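Residue numbers for the sequence shown follow the entry's author numbering, beginning at 1 and rising by one.
Below is one structure; the comments refer to it alone.
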Amino acid sequence: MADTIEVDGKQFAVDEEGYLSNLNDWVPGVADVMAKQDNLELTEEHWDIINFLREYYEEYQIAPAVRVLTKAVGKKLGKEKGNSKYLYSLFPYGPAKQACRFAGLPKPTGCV
């Protein structure tokens with residue numbers, strides 16, 4: 001129960017659901033290896049969003065849900081690039097859920 005991934009020969013602790021629990025480091029290799037297992041390729045678009053969540057959660061202590069991410073990325077990335085279809089075209093498994101997975105963030109649902 002709960003497994004460790006292989007990055008640079010280092011054992012990083014991730015939740016068995018595929019979410020990095022050890023947020024005491026996180027390197028690009030972590031996200032890449034996790035993406036490989038999902039067959040999702042990470043372009044500069046993905047990496048911008050991944051780094052965004054990484055930074056956002058680290059500074060704000062807040063994990064942006066799908067309703068929030070779409071707004072934030074819209075202003076951050078460009079003019080109005082934050083589109084629902086765009087997010088689904090990047091993460092076909094679920095925009096916010098897939099992004100945070102690679103960003104090394106825990107399952108974000110919150111008190112709704």
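Built from N, CA and C at the ideal position, the CB exists for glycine as well.
Cutoff 7 Å; reference residue i; Cβ partners in own chain excluding five residues on either side
| i | result |
| --- | --- |
| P28 | none |
| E16 | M1, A2, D3 |
Bounding residues of the alpha helix (DSSP H) (the contiguous stretch that carries residue i)
| i | result |
| --- | --- |
| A35 | 28-36 |
| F12 | Segment 10-15 is the beta strand (DSSP E) holding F12; no alpha helix (DSSP H) there. |
| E44 | 44-60 |
8 Å CB neighbourhood of residue i in its chain, flanking five on each side removed
| i | result |
| --- | --- |
| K71 | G82 |
| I50 | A31, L42, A99, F102, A103 |
Environment of residue i [buried if 16+ CB atoms lie within 10 Å]
| i | result |
| --- | --- |
| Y88 | exposed |
| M1 | exposed |
| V112 | exposed |
| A13 | exposed |
| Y57 | buried |
| residue 126 | This structure does not reach residue 126, given that the chain is present from 1 up to 112, and the question cannot be answered. |
| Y60 | exposed |
Residues near residue i by beta carbon distance below 6 Å, same chain, minus five either side
| i | result |
| --- | --- |
| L69 | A96 |
| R67 | none |
Three-state secondary structure assigned by DSSP to residue i
| i | result |
| --- | --- |
| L69 | helix |
Residue interval of the beta strand (DSSP E) (run including residue i)
| i | result |
| --- | --- |
| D25 | Run containing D25: none; DSSP gives neither H nor E here. |
| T109 | From DSSP, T109 is part of no beta strand (DSSP E); its letter is neither H nor E. |
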